[PDB]
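**Student:** The structure under discussion is supplied below as C-alpha cells; questions concerning it will follow.
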Amino acid sequence: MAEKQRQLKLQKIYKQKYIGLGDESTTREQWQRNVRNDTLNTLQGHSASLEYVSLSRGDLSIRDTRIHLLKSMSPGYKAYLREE
Amino acid sequence: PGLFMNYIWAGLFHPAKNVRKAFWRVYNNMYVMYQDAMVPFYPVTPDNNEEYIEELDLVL
Amino acid sequence: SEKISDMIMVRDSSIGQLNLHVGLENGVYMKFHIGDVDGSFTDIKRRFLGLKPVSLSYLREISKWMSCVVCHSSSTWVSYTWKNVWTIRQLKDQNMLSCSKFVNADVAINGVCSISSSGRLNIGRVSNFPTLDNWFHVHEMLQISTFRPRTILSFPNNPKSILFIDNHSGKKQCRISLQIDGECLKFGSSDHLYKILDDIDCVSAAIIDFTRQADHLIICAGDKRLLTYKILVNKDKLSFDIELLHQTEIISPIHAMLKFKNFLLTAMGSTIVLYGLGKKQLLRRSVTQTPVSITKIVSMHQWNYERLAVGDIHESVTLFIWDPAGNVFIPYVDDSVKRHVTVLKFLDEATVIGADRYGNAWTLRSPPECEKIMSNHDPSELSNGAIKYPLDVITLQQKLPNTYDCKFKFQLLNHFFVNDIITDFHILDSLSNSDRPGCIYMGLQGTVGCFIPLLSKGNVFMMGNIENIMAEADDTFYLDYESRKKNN
Amino acid sequence: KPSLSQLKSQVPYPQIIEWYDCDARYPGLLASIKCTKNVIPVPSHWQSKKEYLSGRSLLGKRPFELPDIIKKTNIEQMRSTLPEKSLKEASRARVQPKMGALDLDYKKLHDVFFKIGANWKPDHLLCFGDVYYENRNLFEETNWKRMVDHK
Amino acid sequence: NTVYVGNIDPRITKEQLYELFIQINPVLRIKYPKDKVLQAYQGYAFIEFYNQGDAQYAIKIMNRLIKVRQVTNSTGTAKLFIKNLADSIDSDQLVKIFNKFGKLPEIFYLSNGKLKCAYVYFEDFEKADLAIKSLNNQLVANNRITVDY
Amino acid sequence: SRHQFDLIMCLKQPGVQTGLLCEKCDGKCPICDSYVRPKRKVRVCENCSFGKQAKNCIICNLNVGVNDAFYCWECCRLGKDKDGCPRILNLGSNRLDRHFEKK
Amino acid sequence: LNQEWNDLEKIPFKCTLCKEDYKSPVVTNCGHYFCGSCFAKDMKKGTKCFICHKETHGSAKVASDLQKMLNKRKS
Amino acid sequence: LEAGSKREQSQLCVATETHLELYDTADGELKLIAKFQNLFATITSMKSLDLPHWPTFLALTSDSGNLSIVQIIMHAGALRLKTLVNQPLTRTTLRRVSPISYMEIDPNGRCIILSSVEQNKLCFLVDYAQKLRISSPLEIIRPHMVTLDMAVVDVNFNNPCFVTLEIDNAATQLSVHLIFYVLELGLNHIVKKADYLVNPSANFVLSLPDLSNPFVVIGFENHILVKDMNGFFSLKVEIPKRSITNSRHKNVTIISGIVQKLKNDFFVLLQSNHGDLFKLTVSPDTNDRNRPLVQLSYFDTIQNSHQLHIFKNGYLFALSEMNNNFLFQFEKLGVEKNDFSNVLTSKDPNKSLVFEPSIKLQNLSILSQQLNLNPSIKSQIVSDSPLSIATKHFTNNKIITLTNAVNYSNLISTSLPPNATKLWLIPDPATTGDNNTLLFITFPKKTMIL
Amino acid sequence: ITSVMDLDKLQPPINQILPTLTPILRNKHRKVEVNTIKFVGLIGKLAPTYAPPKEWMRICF
Ligand SMILES: [Zn+2]
Ligand SMILES: [Zn+2]
Ligand SMILES: [Zn+2]
Ligand SMILES: [Zn+2]
Ligand SMILES: [Zn+2]
C-alpha cells in the first residue's frame with residue numbers, strides 16, 4: 001500500500017520529464033503519436049540521418065528538411081500542406 | 001533494447017488489464033533509459049497506423 | 001634470417017635517435033634503434049615490401065625538416081617518421097631503381113632525381129606524406145555543376161576501369177562518363193569527354209556482361225522502364241561509345257541489381273527476378289516471391305553464384321540458395337532483430353557484414369547447425385522433401401510461426417556504432433601487401449574506416465587491455481585526485 | 001467486436017490469434033503487433049490462478065549438480081553436502097582452532113576456470129524464443145541432444 | 001508415422017527405445033507412458049518417426065525382445081558372428097555399427113548383461129563379406145572385435 | 001531510499017552544489033544505498049540549499065553533512081545518476097517511530 | 001607469508017652450450033652469457049633463451065664484463 | 001600561438017559531431033592550426049562565449065547531457081583541448097526533451113541559454129573569478145511546445161532577451177507563434193514578455209541590433225517580416241525572386257542571416273534556399289516620421305550555407321552545408337540604398353521584383369576554400385595496394401581520387417643508356433660558390449658522369 | 001600511534017600487542033568493539049606476519 005502509492009508518485013514525475021510513458025490504459029491514438037515524435041526527433045537530430053532524408057527528398061536546403069520534420073510534430077501539418 | 005523488446009511488444013496492449021499492466025511497467029523503465037534508442041525497433045508499419053512516417057521508406 | 005642485401009645508418013635530428021636501416025634480400029625491410037653509447041640493438045621494426053632484394057637510399061625533406069629512406073623493390077616505399085611514429089608507405093610511381101636528392105631552379109624543395117625501373121633518368125617532386133593526422137591525399141570564380149552524381153560502376157572483367165553516371169537537377173537528364181586507368185575518355189570522335197542521355201534518369205544502374213566478349217549497361221528509369229545500352233571502347237583511339245538496344249517495362253523501382261551467373265539479378269520491391277538477355281528486349285528467366293516480412297530490397301550481394309544475401313528496408317537480412325532444377329531461391333536463414341540495411345556483403349561464405357541507416361555496423365554469422373546441414377545436402381531438398389531436422393527446431397516453428405519461419409537465425413557476431421551512415425563496404429584481400437585482409441568502409445558524411453581482423457588470441461588480449469586502460473582514464477585520474485585531496 | 005474469423009483474415013499468421021484477442025480495446029492493432037516479424041508471445045501462465053510456479057512438477061526437482069569441469073576440482077568429496085558435533089566440541093573448535101580443513105589445491109582451482117575450462121560453455125542454454133513454461137523440464141531435453149548424437 | 005509399441009518391461013526406458021528404433025530411421029520423438037504421479041511405467045510407448053516409410057519399416061522389422069519381453073508393435077490407434085564386444089554394446093549399438101554395410105541381429109546377453117558377442121544376418125552375403133574385413137579387428141569402444149562368418 | 005519505501009526524493013533540476021553525507025551515512029550511494037565503487041559527485045538543486053537545510057545529509061536529512069556524496073558505478077551505467085536531485089525530503093516512518101518509543 | 005592462491009653466483013662459468021670456457025663472450029637483455037659461436041647457433045633453432053625462454057631477438061652484447069669477472073683481476 | 005603578446009579576434013573553430021578543428025585567418029587564407037583528440041560523443045552545439053575580464057573558450061554541449069565549457073590550450077608541445085566546467089543535464093542520448101540542439105549565448109557573456117525541442121529550456125548564468133563559475137540553472141517549462149529557431153537578441157547590458165518560434169504539438173490546426181523571453185537579472189527568473197501568432201509558414205528568426213524593444217526579422221516562405229516586441233511595427237517585405245524558376249520550385253525561404261554593423265551602417269546578409277544572398281538595412285524613413293524602412297537588395301550569392309560569420313576583418317566565412325566551405329572578403333559592400341530600380345521597400349508590402357542571378361561574383365572574392373566531401377553517395381576502390389578510392393564530388397561534379405601513397409610529381413624525364421644500377425650526387429667542388437653539381441650513374445661495365 | 005609510527009620500531013612491540021587484543025574483542029559494549037576491530041584490521045593490513053595463523057583464526061571466530 002505504502003509502496004504502491006510511491007509508484008504512482010514517480011509515474012507522474014517521470015511522465016512529465018520524459019513525456020511519453022504509457023501507463024496501462026493508453027489509447028492507440030495516444031501511443032502512436034509518441035512513436036511518431038521520437039522518429040521525427042531522431043531523424044532530424046543525427047547529422048547523417050538529416051542528410052540521407054534531405055538528399056532522398058531532393059529538398060533544396062538541408063535546413064528546410066529539418067523544419068519539415070519539426071512541423072510534422074504538429075498534427076495540423078497534414079492539413080497545412082493540403083491547403084497550399 | 002531491440003532484442004529485449006521483442007518480448008515486450010506483445011503484451012503491451014493485450015486484453016487483460018493485468019497482463020497489460022505488468023508489461024507497461026517494464027516498457028516505462030525501458031523508455032526512460034532508451035528514448036532515441038528504441039526508435040528503429042518499434043513494430044509499426046504503414047497500414048498498422050494512419051500516418052506512419054513516409055521518410056522512413058526513402059532510399060537514396 | 002636471409003642474407004642482408006643492403007644497409008644504411010641515419011641519425012634524425014629531432015629525437016637524436018640513431019637508426020640502422022637494413023634492407024634484406026627476399027623483400028623484408030627492417031629498422032633498428034641504436035644506442036649511441038652502448039651500441040645495443042633495440043626496437044626492431046620489420047616489414048615486407050614487394051618481392052626482390054631491397055637496396056635502400058636516403059634523402060632530406062619537409063612536409064619542419066625531415067629525413068626519409070626510400071626503399072626500392074617491386075615498388076618504392078619511403079619510410080619517414082613524423083613525430084614519434086614512423087610510417088612506411090608507397091609512392092604513386094610504380095618503382096624507382098635508385099633515388100637521390102636534387103636542388104635546382106625552377107625552385108626545388110623536396111625535389112628529387114632518380115632512375116626509373118625502365119632505366120630512364122627523371123625528376124620528381126615528392127609532395128604529400130600520409131601522416132596519421134590526414135593519411136589520404138586527395139588528387140584529381142565559383143564552381144557549381146548542375147548534374148548531381150548518382151552512381152559509379154566497374155567493369156567486371158577489366159579490373160579497374162570505372163564508369164560514372166550523373167543526373168540533372170531539373171528536366172530529367174543523365175550524363176555518363178567513363179575513365180580507364182588515368183584520365184577519362186573522349187566520346188567517339190566528339191570533343192566531349194561525356195555523353196548525355198535524355199529523358200532517362202537513373203534510379204540504379206549496373207553494368208553486366210551477359211556474354212564474355214561484351215559488356216552491357218543497365219539503367220532503371222523512374223518511369224518504370226529498364227534500359228540497356230552497350231559499351232564500346234575503341235582501343236586504341238581511345239574513346240568510349242554507348243549504344244542503345246532495348247526498352248523493358250517493370251513493376252517496381254528496382255533499387256538493387258547485380259550480376260548473378262550469366263544474368264541480371266534484379267530486385268523488385270517485393271520479389272526477386274532473374275533476367276537473361278534476348279533480342280528485342282530482356283526477358284524473365286526466373287522469379288521468386290519473397291517471404292512475407294520483406295517489403296523492399298534495399299541491397300543484395302552474392303557468394304560465388306551459390307548464395308544470396310538480401311537486405312530489407314525495415315527487416316534485417318536473409319540468406320538464400322540458388323537451386324537449379326527448381327529454378328528458384330529458397331531461404332534458409334533470417335535474423336532476430338529489426339535492422340535497416342543500407343549495404344551488405346559477404347566477408348565469407350557463412351558470414352555477412354552490413355550497415356544501418358542509423359550508423360551501426362554489424363557482422364552476422366550463420367550457425368554451425370545450419371552449416372553441417374547445408375554442407376551435407378543438395379539444395380533442392382530444402383523446399384520440399386526430406387531434410388531431417390532435430391526435434392527441437394520443428395517445435396520452435398510450431399510454437400513461433402512468425403519468428404522462426406526460416407528456420408535458423410544468424411548469431412550476431414560483431415556490432416559496433418559509428419555515427420556515419422555506411423554506404424559501401426569494400427572487402428580487400430590485402431592492403432599494401434599486408435597479410436591481414438581488411439574491409440574498408442566509407443560513409444555518407446565522408447569517411448573511410450576499416451575493420452581489420454586481429455588474428456592472434458594474443459593481440460586481441462593486449463589491445464583489449466589498452467582499450468580498457470584508455471577508456472576510463474578520465475575516471476582514474478579523478479579518483480586519484482579525489483583521494484589525493486582526502487589525504488596529502 | 002470483430003469475430004475471430006474476421007480478425008484472422010487480416011493477419012499473415014492466422015494461427016496465433018485466439019478467442020480472447022477479439023476483446024482487446026484495439027484488436028486491429030494487437031493482431032498486427034502480435035503477428036509482427038519477431039514478437040514473442042506473452043507468457044502463458046496468466047489466467048492461471050496457480051501463481052505460476054505450483055507444485056506438481058516442482059515436487060520432484062533434483063537438488064543441484066555441479067558442472068563437470070568444476071566437479072574435477074574434487075570439492076565434491078571434501079565437503080559432503082548431501083543429505084555430528086556436540087555443542088561442547090564446537091565451542092572447543094573456536095578456541096583451538098583447526099587449520100587446513102579443505103586441503104584444496106590453489107593451482108588446480110585457478111586452471112579450471114581459466115586454462116582448462118577457458119572455453120567451456122554450457123551444453124544447451126536456450127534460444128531466442130524459448131520462454132520457460134511451468135511444466136517444462138530441461139534435464140530431459142538436454143539429454144535428448146546428448147542421446148541423438150551418440151546414437 | 002506413429003507407432004504403438006507395447007508389452008514393454010516396466011523398466012525399459014525412452015533411451016533404450018531410441019537406441020532400438022533409431023536404426024530404422026530418424027526419430028521425431030518417443031514417449032513411454034507413465035502413471036501421472038507415481039511415474040510407474042504403463043508398459044507401452046509411442047514412437048514417432050519422421051518418415052512413415054520408416055515407421056512402417058520398423059513395424060515390419062523390429063516386431064524383438066527388450067529386457068526379457070517380446071514387444072508388440074502396431075500402428076498407433078548372409079550371417080556373421082561378432083566376438084569381443086564392449087558390453088556397453090547392445091542390439092541397437094550393434095545394429096547401427098553394421099547397418100552401413102547393407103540391409104540386415106542380436107547381441108546376446110545373460111543375467112550379468114552383454115555376454116560379449118552376437119550375430120547379424122545380412123540380406124546379402126556380399127554385405128556380409130564387406131562387414132568382415134572392414135570390421136574384423138579395428139577397435140570398437142576401446143575393444144578389438146572379431147568379425148567372421 | 002532503496003529499502004525504506006515511504007521516503008520521497010526531490011527529482012528537480014540539479015544545480016551546481018554538491019550534496020553532503022554525515023559520518024554515519026558516509027560512503028553511500030544515495031540511490032542504491034551501496035558502499036562500493038563511486039564514480040560521480042552528486043549535485044542537488046538550489047531549493048534544497050538555502051539555510052540550515054543545506055548542511056544535512058542528503059539521505060537522513062537530520063545529522064549534519066561533511067563528505068561529498070558520489071554515485072556508484074552501477075547507478076551511473078543505468079543513468080539513475082541524472083534523474084534529478086537525489087535528496088530525501090521526509091524523515092520517514094522508521095525514524096519517527098523509533099523516536100517516539102524511546103521518548 | 002607465501003601465497004599459493006595468487007655472494008650468489010648466478011653465472012655458470014662453463015657454457016650452457018659449449019659447457020666450456022667463455023670465449024668471445026655474449027650478453028643478452030637478460031643476464032645470459034654465451035660464446036659468440038654459442039648464441040649464433042641457438043638462434044638457428046630456438047627463438048628464445050636457452051634458459052629463460054624469454055625473447056632475445058638475437059640481441060647480443062659483447063660481454064667483456066664477463067672476461068672481467070672471469071679475470072682474477074676483474075675489470 | 002607563436003606570439004608573445006598578440007590578441008586578434010580572427011581565428012575560428014569548427015566542429016562536426018565527433019571531430020573538431022581550429023583554423024586561423026589574418027594571413028588572408030584559412031590555415032589549419034590544430035586537430036584535437038578524438039572526442040567520442042555527439043557535439044550538438046558549439047558557441048564561443050567571450051566573457052568580460054582572457055582568452056575565449058568555446059562552450060560545447062553534446063550528447064551526454066553535459067554543458068561543457070572547454071578552453072583550447074597549449075600544453076606539452078602541442079595544442080590540447082582542456083575542459084573547465086561540465087554541468088550535468090538530463091540523460092545520455094540525443095532525445096527530444098533534453099536541452100541541447102539549441103544553444104545561444106548572450107553576446108556580452110552574461111549567460112548561456114539552452115533549449116530542447118518540446119518541454120524545457122534552461123539558462124545558465126556565467127561568471128568569471130579566480131576560476132570560471134556557473135550559476136544554478138534558470139528554468140522554464142512549457143509543456144506541449146516544440147521549438148524551432150531560438151535566435152537571440154543583443155542587448156546593451158539591460159537584461160538578456162531571446163526569441164523563439166514555437167509551434168504547439170497538440171492542437172487542431174498548425175499555428176506557429178513567435179515568443180519573446182526576458183531574463184530579469186533583478187528578480188532572477190525568465191519571464192515571457194510578448195507572444196504573437198504568425199502565419200504557419202514561419203521558418204527562422206534573426207535579431208536586429210538597436211535602432212538607435214528589440215526587432216526581429218522573421219523569414220517566412222516567400223516574404224520577410226520584422227516585428228517589434230511591443231507589437232507597434234509589423235513590416236512586410238516580399239522577398240525577390242529569380243527569373244527562370246527551373247522545374248521544381250519551392251516557395252523560397254531564408255536560411256541564414258548574419259548582421260554586421262559598422263559606422264552607423266547597419267546592414268544584414270540574409271540568404272535564401274537557392275543560395276541567393278540579400279542585404280537589409282533599416283532606415284529612418286525621414287518623410288513620414290522617423291520609423292523603419294526595410295530594404296531587400298541582391299548580393300553575390302553563393303552555395304548554400306548552414307551558418308555565416310563575419311570577422312572584425314572584412315573577411316567573411318560561409319560554412320557550406322553540402323560541402324566545401326569558403327572564406328570571402330567583400331570589397332563592394334553592395335548596391336546603395338538609393339536605387340529604386342533594384343531595391344524593395346516597406347512602403348508597400350505587395351510588389352515583386354525579378355532579378356537575374358550573376359555568375360560573375362562581383363561583390364565577394366574567394367580567397368580560400370576547404371575541400372570536404374560532405375556527401376559521398378557511392379565509391380569504388382581502384383588500386384588495392386596503394387589503396388586508392390575513386391569517388392565523385394557532389395556540388396562540383398568532378399572526379400576525386402583519394403589515395404594513401406606519397407604524391408610524386410614527375411618532370412623532365414630523359415633517356416639514359418641501358419642497364420644502370422645506382423646513382424649519386426655531390427655538390428660540385430670545382431665551382432666553389434656555384435649551383436653546379438655532379439651527378440653520377442653506374443653500370444655493371446661502365447660508369448657515367450654528368 | 002600505530003598507524004602513524006613505523007611498525008618495526010613500535011616499542012611494545014606488535015607481536016606482544018595483538019594477542020592482548022583478542023580477549024578484548026569479547027568485551028561487548030561498543031566503544032571497545034569498534035575501536036578494537038579497527039585496530040586489529042590495521043595489523044592485518046600492515047603486519048600480518050607476526051601473530052601465527054592460528055591466532056588469526058581465533059579472531060575470525
Ligand atoms: Zn546521513
Ligand atoms: Zn548506486
Ligand atoms: Zn532538491
Ligand atoms: Zn661457448
Ligand atoms: Zn633469459
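In the C-alpha cells, chains take the letters A, B, ... in the order shown, each chain's residues start at 1, and ligands count up from 1 in the order shown.
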Identify, on the basis of only C-alpha atoms, every residue whose closest approach to segment 134-144 of chain E does not exceed 6 Å; exclude the query and any residue fewer than 3 positions from it along the same chain; express the result as an MDAnalysis selection string.

**Tutor:** chainID E and resid 86 131 147

**Student:** Quick one: everything within 9 Å of segment 25-41 of chain D, counting only C-alpha atoms, minus sequence neighbours fewer than 2 positions away in the same chain. Send it as a PyMOL selection string.

**Tutor:** (chain A and resi 27-28) or (chain B and resi 5-15+43-44+48-49) or (chain C and resi 292-293+315+335-338+400+402-404) or (chain D and resi 1-2+7-8+10-14+16-17+21-23+43-44+129-131)

**Student:** Can you write just those residues out, N, CA and C atoms, as a compact mmCIF listing (two decimals), in the first residue's frame?

**Tutor:**
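What landed in selection08.txt:
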```txt
# COMPACT_ATOMS: atom_id res chain seq x y z
N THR A 27 -4.53 5.05 -25.19
CA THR A 27 -5.17 4.95 -26.42
C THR A 27 -4.12 4.66 -27.46
N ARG A 28 -4.51 3.87 -28.44
CA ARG A 28 -3.61 3.57 -29.52
C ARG A 28 -3.27 4.88 -30.18
N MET B 5 13.20 -5.95 -26.50
CA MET B 5 11.84 -5.50 -26.70
C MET B 5 10.94 -6.50 -27.42
N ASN B 6 11.53 -7.41 -28.16
CA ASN B 6 10.73 -8.41 -28.78
C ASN B 6 9.85 -9.13 -27.78
N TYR B 7 10.32 -9.35 -26.56
CA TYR B 7 9.49 -9.97 -25.55
C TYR B 7 8.36 -9.08 -25.08
N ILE B 8 8.54 -7.77 -25.17
CA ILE B 8 7.62 -6.85 -24.53
C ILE B 8 6.55 -6.18 -25.40
N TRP B 9 6.63 -6.31 -26.71
CA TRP B 9 5.64 -5.62 -27.52
C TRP B 9 4.28 -6.25 -27.42
N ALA B 10 4.27 -7.57 -27.29
CA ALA B 10 3.06 -8.30 -27.48
C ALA B 10 2.08 -7.90 -26.43
N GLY B 11 2.45 -8.07 -25.18
CA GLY B 11 1.52 -7.83 -24.14
C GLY B 11 1.43 -6.39 -23.71
N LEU B 12 1.92 -5.52 -24.55
CA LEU B 12 1.92 -4.12 -24.19
C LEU B 12 0.55 -3.52 -24.32
N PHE B 13 -0.25 -4.08 -25.23
CA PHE B 13 -1.70 -3.79 -25.30
C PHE B 13 -2.48 -4.89 -24.63
N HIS B 14 -2.83 -5.94 -25.39
CA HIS B 14 -3.39 -7.16 -24.80
C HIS B 14 -4.72 -6.87 -24.11
N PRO B 15 -5.62 -7.84 -24.01
CA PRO B 15 -6.91 -7.52 -23.44
C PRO B 15 -6.95 -7.48 -21.94
N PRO B 43 7.21 -1.63 -33.63
CA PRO B 43 6.60 -2.59 -34.56
C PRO B 43 5.49 -1.91 -35.34
N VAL B 44 5.88 -0.94 -36.15
CA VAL B 44 4.94 -0.05 -36.77
C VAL B 44 5.14 -0.11 -38.27
N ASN B 48 -0.47 -0.30 -40.30
CA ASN B 48 -0.79 -0.52 -38.90
C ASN B 48 -1.12 0.80 -38.18
N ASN B 49 -0.59 1.92 -38.67
CA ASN B 49 -1.04 3.22 -38.21
C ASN B 49 -1.42 4.12 -39.36
N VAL C 292 7.16 -13.32 -46.21
CA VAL C 292 6.14 -12.30 -46.04
C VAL C 292 6.70 -11.02 -45.49
N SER C 293 7.76 -11.12 -44.69
CA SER C 293 8.24 -9.95 -43.97
C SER C 293 8.77 -8.85 -44.91
N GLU C 315 13.12 -4.79 -42.13
CA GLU C 315 13.59 -6.04 -41.53
C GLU C 315 15.04 -6.18 -41.77
N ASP C 335 16.93 -13.18 -39.57
CA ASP C 335 17.53 -12.52 -38.42
C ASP C 335 16.57 -12.27 -37.28
N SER C 336 17.14 -12.02 -36.11
CA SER C 336 16.37 -11.82 -34.89
C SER C 336 15.74 -10.44 -34.76
N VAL C 337 16.52 -9.41 -35.01
CA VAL C 337 16.16 -8.06 -34.67
C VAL C 337 15.95 -7.24 -35.92
N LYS C 338 15.21 -6.16 -35.78
CA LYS C 338 14.93 -5.29 -36.89
C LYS C 338 16.13 -4.36 -37.20
N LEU C 400 6.32 -20.84 -32.61
CA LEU C 400 6.53 -19.46 -33.05
C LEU C 400 6.51 -19.41 -34.56
N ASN C 402 5.84 -16.98 -36.49
CA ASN C 402 6.35 -15.78 -37.12
C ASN C 402 7.86 -15.65 -37.04
N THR C 403 8.41 -15.94 -35.88
CA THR C 403 9.80 -15.67 -35.65
C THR C 403 10.68 -16.64 -36.39
N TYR C 404 10.46 -17.94 -36.18
CA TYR C 404 11.39 -18.95 -36.64
C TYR C 404 11.00 -19.57 -37.97
N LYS D 1 -17.02 -5.39 -32.19
CA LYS D 1 -16.31 -6.57 -31.63
C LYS D 1 -16.16 -7.64 -32.72
N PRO D 2 -15.07 -7.57 -33.48
CA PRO D 2 -14.94 -8.42 -34.66
C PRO D 2 -14.76 -9.89 -34.31
N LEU D 7 -11.08 -11.42 -37.69
CA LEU D 7 -9.77 -10.97 -37.22
C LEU D 7 -8.62 -11.83 -37.72
N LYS D 8 -8.88 -13.08 -38.06
CA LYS D 8 -7.83 -13.94 -38.58
C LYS D 8 -7.54 -13.68 -40.07
N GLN D 10 -7.06 -10.69 -41.42
CA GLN D 10 -6.14 -9.56 -41.56
C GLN D 10 -4.67 -9.98 -41.49
N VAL D 11 -4.43 -11.10 -40.84
CA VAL D 11 -3.12 -11.43 -40.31
C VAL D 11 -2.36 -12.41 -41.20
N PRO D 12 -1.07 -12.17 -41.42
CA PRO D 12 -0.29 -13.11 -42.22
C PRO D 12 0.01 -14.44 -41.54
N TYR D 13 -0.20 -14.50 -40.23
CA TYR D 13 -0.07 -15.76 -39.48
C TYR D 13 -1.30 -16.00 -38.62
N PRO D 14 -2.37 -16.55 -39.22
CA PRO D 14 -3.65 -16.58 -38.51
C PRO D 14 -3.68 -17.52 -37.31
N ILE D 16 -1.85 -17.63 -34.64
CA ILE D 16 -1.55 -17.09 -33.34
C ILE D 16 -2.82 -16.55 -32.70
N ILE D 17 -3.65 -15.89 -33.47
CA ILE D 17 -4.81 -15.20 -32.92
C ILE D 17 -5.74 -16.16 -32.16
N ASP D 21 -8.32 -12.46 -28.05
CA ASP D 21 -7.83 -11.30 -28.78
C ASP D 21 -8.92 -10.46 -29.37
N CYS D 22 -10.09 -11.04 -29.52
CA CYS D 22 -11.22 -10.32 -30.04
C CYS D 22 -11.63 -9.14 -29.16
N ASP D 23 -11.42 -9.27 -27.85
CA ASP D 23 -11.95 -8.34 -26.86
C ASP D 23 -11.00 -7.21 -26.47
N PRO D 43 3.97 -14.62 -21.79
CA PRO D 43 4.00 -15.95 -21.21
C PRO D 43 2.59 -16.40 -20.87
N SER D 44 2.38 -17.70 -20.99
CA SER D 44 1.05 -18.27 -20.99
C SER D 44 0.46 -18.51 -19.61
N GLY D 129 13.48 -17.54 -28.81
CA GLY D 129 12.09 -17.51 -28.37
C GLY D 129 11.60 -18.53 -27.36
N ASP D 130 12.51 -19.15 -26.61
CA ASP D 130 12.10 -20.16 -25.62
C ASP D 130 11.84 -19.51 -24.27
N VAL D 131 10.58 -19.33 -23.92
CA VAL D 131 10.22 -18.94 -22.60
C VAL D 131 10.18 -20.23 -21.84
```

**Student:** Quick one: residues within 9 Å of residue 333 of chain H, only C-alpha atoms, excluding same-chain residues fewer than 3 positions away - as a PyMOL selection string?

**Tutor:** chain H and resi 299+330+336+363-364

**Student:** Based on the selection just made, write C-alpha atoms of those residues as a CSV table (one decimal), in the first residue's frame.

**Tutor:**
```csv
chain,number,residue,atom,x,y,z
H,299,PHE,CA,24.4,40.3,-53.4
H,330,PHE,CA,33.8,41.8,-49.7
H,336,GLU,CA,23.4,51.6,-52.4
H,363,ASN,CA,30.8,41.7,-54.5
H,364,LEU,CA,32.7,39.0,-52.8
```

**Student:** Show me which residues sit within 8 Å of ligand 4 when counting only C-alpha atoms and all ligand atoms, and put them as a list in words.

**Tutor:** residues 14, 15, 16, 17, 18, 19, 20, 21, 22, 23, 25, 34, 35, 36, 37 and 38 of chain G

**Student:** Can I get the selected residues back with C-alpha atoms, as a PDB file, in the first residue's frame?

**Tutor:**
```pdb
ATOM      1  CA  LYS G  14      81.442 -23.177 -18.364  1.00  0.00           C
ATOM      2  CA  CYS G  15      78.844 -22.648 -21.080  1.00  0.00           C
ATOM      3  CA  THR G  16      75.319 -23.934 -21.210  1.00  0.00           C
ATOM      4  CA  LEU G  17      76.140 -24.724 -24.876  1.00  0.00           C
ATOM      5  CA  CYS G  18      79.907 -25.303 -25.079  1.00  0.00           C
ATOM      6  CA  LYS G  19      79.976 -26.463 -21.446  1.00  0.00           C
ATOM      7  CA  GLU G  20      83.413 -24.895 -21.871  1.00  0.00           C
ATOM      8  CA  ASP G  21      85.186 -21.649 -21.023  1.00  0.00           C
ATOM      9  CA  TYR G  22      83.505 -18.470 -22.266  1.00  0.00           C
ATOM     10  CA  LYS G  23      85.305 -17.306 -25.400  1.00  0.00           C
ATOM     11  CA  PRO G  25      81.530 -13.747 -24.569  1.00  0.00           C
ATOM     12  CA  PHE G  34      77.364 -17.346 -24.082  1.00  0.00           C
ATOM     13  CA  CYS G  35      80.141 -17.632 -26.638  1.00  0.00           C
ATOM     14  CA  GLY G  36      79.878 -15.683 -29.877  1.00  0.00           C
ATOM     15  CA  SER G  37      79.556 -19.112 -31.513  1.00  0.00           C
ATOM     16  CA  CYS G  38      77.071 -20.278 -28.863  1.00  0.00           C
TER      17      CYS G  38
END
```

**Student:** Ligand 5: which residues are within 6 Å, counting only C-alpha atoms and all ligand atoms, as a compact mmCIF listing (two decimals) with C-alpha atoms, in the first residue's frame?

**Tutor:**
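What ended up in selection.txt:
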```txt
# COMPACT_ATOMS: atom_id res chain seq x y z
CA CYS G 30 68.90 -10.96 -19.58
CA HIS G 32 72.51 -14.62 -20.06
CA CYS G 49 66.78 -18.10 -24.20
CA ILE G 51 67.49 -20.76 -20.12
CA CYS G 52 64.64 -18.24 -19.56
CA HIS G 53 62.94 -18.84 -22.87
CA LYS G 54 62.37 -15.08 -22.96
```

**Student:** Identify all chain G residues at most 9 Å from chain D by counting only C-alpha atoms; ligands do not count. Present them as a PyMOL selection string.

**Tutor:** chain G and resi 4-6

**Student:** Within 12 Å of residue 140 of chain C, counting only C-alpha atoms, which residues show up once you throw out same-chain ones fewer than 4 positions away? Write them as a list in words, please.

**Tutor:**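 The residues that qualify are residues 182, 183 and 184 of chain C; 388, 389, 390, 391, 392, 393, 397, 398, 399, 400, 401, 402, 403 and 407 of chain H.
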
**Student:** Which residue is closest to chain A? Choose from D:112, D:100, D:24, D:120 and count only C-alpha atoms.

**Tutor:**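 Nearest candidate to chain A out of D:112, D:100, D:24, D:120: D:24.
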
**Student:** Would you mind listing, for every residue of chain A within 12 Å of chain D, the two atoms forming the shortest contact and the distance between them in Å to one decimal, using only C-alpha atoms, sorted by chain and ascending residue number, as CSV?

**Tutor:**
```
residue,atom,partner,partner_atom,distance
A:24,CA,D:25,CA,11.8
A:25,CA,D:25,CA,9.3
A:26,CA,D:25,CA,9.9
A:27,CA,D:26,CA,8.4
A:28,CA,D:26,CA,7.1
A:29,CA,D:26,CA,10.0
A:31,CA,D:29,CA,11.4
A:32,CA,D:29,CA,10.6
```

**Student:** Identify, counting only C-alpha atoms and all ligand atoms, the protein, DNA and RNA residues located within 7 Å of ligand 3, and give them as a PDB file with C-alpha atoms, in the first residue's frame.

**Tutor:**
```
ATOM      1  CA  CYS F  10      13.213  15.547  -4.800  1.00  0.00           C
ATOM      2  CA  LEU F  11      13.853  14.987  -8.509  1.00  0.00           C
ATOM      3  CA  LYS F  12      14.335  18.580  -9.619  1.00  0.00           C
ATOM      4  CA  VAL F  44      21.494  18.973  -5.745  1.00  0.00           C
ATOM      5  CA  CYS F  45      19.123  21.761  -6.619  1.00  0.00           C
ATOM      6  CA  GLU F  46      19.097  25.230  -5.122  1.00  0.00           C
ATOM      7  CA  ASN F  47      15.713  24.811  -3.423  1.00  0.00           C
ATOM      8  CA  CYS F  48      17.410  22.035  -1.424  1.00  0.00           C
ATOM      9  CA  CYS F  85      18.078  15.941  -7.072  1.00  0.00           C
ATOM     10  CA  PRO F  86      18.703  12.789  -5.119  1.00  0.00           C
ATOM     11  CA  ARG F  87      17.661  14.220  -1.823  1.00  0.00           C
TER      12      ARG F  87
END
```

**Student:** Within 12 Å of ligand 1, counting only C-alpha atoms and all ligand atoms: which residues, as a count of residues only?

**Tutor:** 33
